[PDB]
Amino acid sequence: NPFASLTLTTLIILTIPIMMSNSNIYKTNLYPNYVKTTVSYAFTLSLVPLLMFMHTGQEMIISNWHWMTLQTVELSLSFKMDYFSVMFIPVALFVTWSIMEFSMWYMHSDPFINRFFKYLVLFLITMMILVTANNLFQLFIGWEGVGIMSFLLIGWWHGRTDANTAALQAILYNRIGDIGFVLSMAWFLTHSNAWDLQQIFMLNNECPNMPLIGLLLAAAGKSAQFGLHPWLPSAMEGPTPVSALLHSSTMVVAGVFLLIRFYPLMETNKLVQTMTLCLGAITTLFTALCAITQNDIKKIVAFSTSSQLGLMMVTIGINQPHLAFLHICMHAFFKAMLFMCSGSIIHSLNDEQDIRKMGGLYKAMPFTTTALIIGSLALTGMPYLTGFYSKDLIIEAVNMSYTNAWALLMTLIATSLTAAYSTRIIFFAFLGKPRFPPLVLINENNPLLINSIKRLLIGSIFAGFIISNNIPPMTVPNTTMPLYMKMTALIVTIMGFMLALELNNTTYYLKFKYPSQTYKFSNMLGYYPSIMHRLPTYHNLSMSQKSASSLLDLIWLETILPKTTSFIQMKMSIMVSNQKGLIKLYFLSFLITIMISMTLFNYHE
Amino acid sequence: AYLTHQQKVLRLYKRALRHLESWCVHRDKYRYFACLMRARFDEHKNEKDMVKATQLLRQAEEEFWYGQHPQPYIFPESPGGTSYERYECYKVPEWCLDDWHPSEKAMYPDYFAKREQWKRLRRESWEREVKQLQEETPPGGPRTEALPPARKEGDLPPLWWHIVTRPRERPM
Amino acid sequence: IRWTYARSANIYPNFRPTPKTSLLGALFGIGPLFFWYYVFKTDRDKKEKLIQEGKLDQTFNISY
Amino acid sequence: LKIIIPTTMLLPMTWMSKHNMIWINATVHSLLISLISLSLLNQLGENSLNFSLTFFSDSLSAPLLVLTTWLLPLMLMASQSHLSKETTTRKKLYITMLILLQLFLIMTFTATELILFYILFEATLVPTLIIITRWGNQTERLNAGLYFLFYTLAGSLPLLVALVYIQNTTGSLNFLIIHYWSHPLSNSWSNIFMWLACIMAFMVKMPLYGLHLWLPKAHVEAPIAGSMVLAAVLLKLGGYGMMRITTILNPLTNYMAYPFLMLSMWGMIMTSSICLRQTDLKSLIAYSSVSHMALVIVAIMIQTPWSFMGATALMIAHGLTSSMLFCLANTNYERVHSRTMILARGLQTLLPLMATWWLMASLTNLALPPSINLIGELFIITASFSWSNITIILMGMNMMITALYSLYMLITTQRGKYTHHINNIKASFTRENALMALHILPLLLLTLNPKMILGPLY
Amino acid sequence: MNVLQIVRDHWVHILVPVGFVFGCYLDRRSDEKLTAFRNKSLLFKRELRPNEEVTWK
Amino acid sequence: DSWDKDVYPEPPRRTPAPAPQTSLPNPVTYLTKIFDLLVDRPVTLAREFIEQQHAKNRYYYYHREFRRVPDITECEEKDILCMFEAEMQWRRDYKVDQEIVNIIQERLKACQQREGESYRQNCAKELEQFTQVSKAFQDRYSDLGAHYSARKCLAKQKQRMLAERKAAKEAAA
Amino acid sequence: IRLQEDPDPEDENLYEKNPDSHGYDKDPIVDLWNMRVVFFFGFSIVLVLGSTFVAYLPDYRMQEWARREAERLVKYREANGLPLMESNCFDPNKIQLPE
Ligand SMILES: CCCCCCCCCCCCCCCCCC(=O)OC[C@H](COP(=O)(O)OCCN)OC(=O)CCCCCCCCCCCCCCCCC
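Protein chains in written order, with the entry's author numbering: chain 1L, 2 to 606; chain 1n, 7 to 178; chain 1m, 65 to 128; chain 1M, 2 to 459; chain 1f, 1 to 57; chain 1p, 2 to 174; chain 1g, 24 to 122.
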């Protein structure tokens, strides 16, 4: 009985700050603190549904208000309380509340801080009704509200045209993904004759070829997988809290959240899983490959996010939906720390964000030092931490299954690279010598930072256990396996630590570095942004003018029908009016008209 | 107008070792290869022959394009930096001020009173500076974008308002 | 102002019906229209052929 | 019937009123007549609302008239930017044309006879070319009138010959009578041309890829009042016609639809792609209107229940937003005295509220959920997908471009860095901001219960 | 305030409201001419109550 | 209750007895009791105040029954008079049948979630009911197009009868 | 002279006479009244009271009527065991089967 009311309030009470903002009663200053309290109180409100869940396990559907009685179709406002929904809510509110604390630290000179916090809340609503959506239309409501707000959020400072370019690029790649979303809606409404998710599961589409690939394409959009990946690394162009919240822990994982919510239908078709293993594999290799040799402080970790996304959707690839949801909570915990920690050192280091000028901050900023090391260790899978309970359990699961041959080697090799850039980011940014500008203004003693990092810090240390034990067993436990690949989830990260450490040390060895061809490949993001953002965009839009606008509309279409008939009347209307005026010529013509009438054509005859 | 033989090598050096800093990262590593870059730069100082000197430009640039960092390092405030034209969101031109409502300009009376005086200086010095300009322009307009200074006392340097009243680099 | 005229109004005053414009106009004009005609008609007759003896499944396809 | 007499009654209203009260008196009574019009969505079930021998209403017309009756106040305050300096008689005659325009559109939708519909359908032209040519701004507004009218009559006139032919054959063309006394259309060669004549008239006032040269040649140069009314309701006159005339054009519609819906299908990607490469701001909405208008061409052609609902939903929603982007075009054009896109940039740092209206306008035209643009467009996709599975790759690829040019205008005009030499933009009056508000609020607050908008098939 | 003036200025807004009441009259004036099947539809054949005399007007 | 538990049937609900074997206090028991004794009671007092006020005056509404009229089949050809009434009943039946499939869908909608992980078994009968409802609905109004009518539905009805009778005749031999 | 022509007048921005202008006309008091009248006869009545006019509209295409006389019709059938909706809308016994 309580379950319906408490979770619904967690949605409703999240929107009052938006309406108060429109009321303009807030006299600035207090508004960001007012927003934080609402989100924090939303989190505390969101607990008691979660503690309810493990006690019994009840999962409800809260279809409340009827929208369309569209013949046999019954569109209504429907929220599905399920394990994926009721558990992701406090995790989502936890990260967004702590970073709401962080946003005041970083942006204190921003004159539009109130608009920023309002934007953060408005996204939270659009994501909230996405994660808890029972009918597909509400999923699109979240699917599109979140994408639009990215365009507003990472395009915060309109300012530099590169920010708008990232805004146009991010929405365009997201625009490509939802083409499959619309395809799935058309297929479900036509064949399954419904849009609510649970009815589609009931009707048992045992051969859902077209809807599933469209759903896979939709996930490829928001999760920034191959084809549609480069919008994630370019999304760093906005404020770091935007990049720390939206597309590091919350938005990008929402694409993966679509496939898991459709898992009861997905596993029926064996073929649809082969590209999920295919897509997630190569994405992990490529995104980690770029992160190895990148330099921007946010580029390294942003690529790590996409590499993580490829890893977790590989799991739902090999019949591991719930384990993907297990990763959805751990990854949102420590990855926010890594971005928030980078945001902290950016602000202290006179907004400098290139590892070549970091270094020596291990002792200058110890609190951020401790957070990143144990944050990265969770990211690398330190046993009995938040990361290990998901990542290494996943590796133990994927390698032991009927899957594509090499497809188990990215998640093996990428994990080695996953640990590799973690060592590089630790070595360059914090270890080494202090290569930063001589004037030191660094400081992290503000309590707003210390509490913000600490809130997820005990999370990034102790969450792993407090989700692993309480949740009911919903996957088959891997019990008997060989020793080598059961430990390989931990071994692989060891040479990831080892080889990268030696390679990072090569910078200490005093000898010039030759530019390798493979190094050049990794520095340009693997050449994808250089080409795909130059050739296809130029050719299609050049056609929009040379062929589309100038050739057809302005020339051809307007010269075929209208101007031809205009000229046809024009061409010989001249001598229709141009007559010499001689009575001879007029009356001679009257002669011919007489003869043609009664002799040649002979109307009489 | 001209990037003569002097500046070309000066710019070439600037982009050369800045890329080297992007390569060596570590200060001790950078300093060794910087002085080698410097020592190898002036080992052929006495190269009176300009044809060889222009030739020495050729082996300076083509391997610079090969040797440049594929991820070149740029400071935030300079072209390509992470903070270029970041604060244009806040830089509003000065002319928007007079549109403020009587309540809005009574909000800050002293600044508007001083702003009015600033408007005065432009008004009765404009005709002086354009006249000063005209009598010193060469025939067929100016042959160089550089502006002449204030010839005599009192008159402000010609065409001065916007370059002086330019919005601050850190407006907020 | 010159750029606006050149890209908006001047195209036809200086247009010439040279042969090249005809192939470009035909290829980018009725070309794709007939190409989509081949694709769409083929599926439509194929779909109509399949349903008329009932191979296509419409057990729950009612919301047409 | 209770709408028409007050609508005519505004004719003495504006023509007599005091020199300075003509706009005040006209604005209020246009606002009050939205009352009696608002009682037209008030509707029975499947049976249409027939309240007179010659006038009738249904769930397809009902959204249309309440759009037009609502619309006229929008062009009233819209014209209160550049009609101030004109003489009183010219100012009064501008209202005369707008009020005369209302009297026509308010009567075509209620017409229960095909010819009476057609008589008033093409009668709306006469008020238009007065607006475009007399009160136009640029030079080629003269060529605008010829392009607009000649395109319309070249298709409308064969429809008149078709209508009287149906009059002689079956006996009557009352919209109910033809529905109840339906007759399948044989595949005879003569019926093909009769079908083509019946449809072509509504096609030309439904910008099709090739029959759309008057779309950029009329909307761009028309006055602000004429621009929205020509784009919000006038384009919909064919939309009402095709939804009604298709009742007597079956089964010939399905076989004959391939040359037409496909041309709309391919051109709707092309026309949207045109907006990606544009130099004139007002040309964006004109071409964007063509792509959006051509979307419902497919919907009506399929004659699918879902398609008709989506067509009506997009029909009104597109008209509301396309009018809005024309208001935002006017304010920027008035301040800068030019229609070039790239001239006025970085306007958001000067007019923050106007940027928000620009944001809402382009984002609604983007057709996000739950906005009426999306639900109208989504219903078309589902109906088209049922007709053919490949339809998603085309009409979906339109949504590709649709999001692009919608944000392109927002970025290059509002976002970015302001151009320094423009010293003309003042703070926006309460007029345009209220004008934008009166455009955006009815669209948003209709989203909660849009079942007045889906149509009779709902 | 000079009732004759205030009416010479504000009497204009009379003939649009009466235009509305003019319309509903001819709306209502048109109905009774159109009625030819009062209680004659087979789907509504309600017996005419003794107190009343007309099904609808 | 307000509805009927035969057209909106609800399977009987079985909830286990709370048997906390552990000694540490159960938190969930605490949240419900504070919830019930701090929020559930005040809204109940507000509701009972509403109900007694709603019982002060009692206005009623009733059901609009429509008597049967001849359909378009027995309707005379070209006879507009009875055609309008025949068309009216046909579309009103369309609305009724549209609600019938809505009721089955809602029954089907509730069944799957209520059965949860075992939705394949205790909802098979619900799936069968939806299958024949959907199949018969396609035999009824479907594919007629945007301008559907009683005559067009009768046309499809005749088309099925000619096809099925001919097929049965040749198959029987 | 080429052609005797008045120069193009400048844009008389409405704020310069009255900074409290409303962009509706030149006269101040009518400008104030113009804002009041369109805001009141607009936003107030047609937008709010117009909303509840059609939001609280009576049963639209008798939607409630259709739902509530659907449970009774379905209840009749399965009680006697015959299907809750037939596959033949019009009755099949009386329809004339051609030849
Ligand atoms: C039902 C009958 C309706 C018609 C008769 C009654 C009309 C009045 C209705 C109530 C109005 C309440 C508010 C009145 C404010 C009056 C302010 C005023 O006197 O303004 C006058 C002025 C024009 O100049 P002047 O008249 O010379 O006065 C100033 C001299 N220095 O400045 C001005 O701005 C002139 C006035 C502008 C217009 C004001 C609104 C007129 C219309 C009001 C009714 C609209 C609705 C009608 C239908 C209602 C029922 C549906």
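All C-beta atoms in this analysis are idealised placements derived from N, C-alpha and C, irrespective of residue type, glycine included.
- DSSP, read as helix, strand or coil, puts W67 (chain 1m) in helix.
- Checking the 7 Å criterion, the Cβ of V69 (chain 1g) is out of range of every heavy atom belonging to ligand 1.
- The nearest non-hydrogen atom of ligand 1 is less than 7 Å from the C-beta of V53 (chain 1g).
- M596 (chain 1L) and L589 (chain 1L) have their C-alpha atoms some 11 Å from each other.
- In the three-state scheme derived from DSSP, where H, G and I count as helix and E and B as strand, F466 (chain 1L) is classed as helix.
- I246 (chain 1M) places its beta carbon less than 8 Å from that of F203 (chain 1M).
- Residues of chain 1L with a Cβ closer than 8 Å to the Cβ of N125 (chain 1m) are, in chain order, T191, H192 and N194.
- Listed along chain 1M are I6, each with a C-beta nearer than 7 Å to that of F22 (chain 1f).
- Spatial neighbours of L94 (chain 1M) in its own chain (CB-CB distance under 8 Å, excluding positions within 5 residues in sequence) are not present.
- At a cut-off of 8 Å, the C-beta of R68 (chain 1p) has a neighbouring C-beta in chain 1f.
- A contact between stretches requires three or more CB pairs, one per stretch, nearer than 8 Å, and the region 309 to 318 of chain 1L fails this requirement with the region 547 to 558 of chain 1L.
- Taking the Cβ atoms as the reference, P50 (chain 1L) lies roughly 6 Å from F4 (chain 1L), within the contact range of under 8 Å.
- Ligand 1 never approaches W24 (chain 1M) closely enough for any of its heavy atoms to be under 7 Å from the residue's Cβ.
- Within the same chain, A362 and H440 come within 6 Å of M325 (chain 1M) by CB-CB distance, once the 5 residues on both sides are set aside.
- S77 (chain 1L) has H67 (chain 1L) as its beta-bridge partners, per DSSP.
- For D9 (chain 1f), the CB falls within less than 7 Å of some heavy atom of ligand 1.
- Taking 7 Å as the cut-off between beta carbons, none of the residues of the region 136 to 147 of chain 1n comes near chain 1M.
- Excluding sequence positions up to five before and after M89 (chain 1p), its CB lies within less than 8 Å of the CB of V70, all in the same chain and listed in chain order.
- Straight across, the Cα-Cα distance linking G215 (chain 1L) with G178 (chain 1L) is about 8 Å.
- Think of a sphere of 7 Å around the beta carbon of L107 (chain 1g): no beta carbon from chain 1M falls inside it, the nearest being about 23 Å out.
- Excluding sequence positions up to five before and after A172 (chain 1p), its CB lies less than 6 Å from no other CB in the same chain.
- Assignment of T341 (chain 1M) by DSSP, reduced to helix, strand and coil, places it in the strand class.
- Given a length threshold of 4 residues, each whole run of the alpha helix (DSSP H) inside the region 360 to 432 of chain 1M is given here in chain order: 373 to 388 and 392 to 414.
- C-alpha of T412 (chain 1L) to C-alpha of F335 (chain 1L): approximately 19 Å in a straight line.
- The beta carbon of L26 (chain 1n) is closer than 7 Å to those of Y36, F39, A40 and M43 in its chain, skipping five residues each way along the sequence.
- Distance from the C-beta of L165 (chain 1n) to the nearest heavy atom of ligand 1 is not below 7 Å.
- Per DSSP, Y152 (chain 1M) is one residue of the alpha helix (DSSP H) stretching across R142 to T170.
- Using a CB distance cut-off of 8 Å, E145 (chain 1L) counts as an interface residue toward chain 1M.
- In this structure, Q304 (chain 1M) sits away from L348 (chain 1M), with a CB-CB distance that is not shorter than 8 Å.
- For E114 (chain 1M), the three-state secondary structure derived from DSSP is strand.
- Residue pairing by DSSP places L50 (chain 1M) opposite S58 (chain 1M) in a beta bridge.
- Approximately 17 Å separates the beta-carbon atoms of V147 (chain 1L) and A337 (chain 1L); this is outside 8 Å, ruling out the contact.
- A check of alpha carbon separations from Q200 (chain 1L) across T30 (chain 1p), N103 (chain 1p) and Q53 (chain 1p) identifies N103 (chain 1p) as the nearest.
- For the region 36 to 57 of chain 1p, the set of positions with a beta-carbon nearer than 7 Å to some beta-carbon of chain 1f is empty.
- Closest by C-alpha distance to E39 (chain 1g), out of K427 (chain 1M), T448 (chain 1M) and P451 (chain 1M), is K427 (chain 1M).
- In this structure the region 25 to 37 of chain 1g does not lie against the region 102 to 117 of chain 1p, because fewer than three pairs of beta carbons, one per stretch, are closer than 8 Å.
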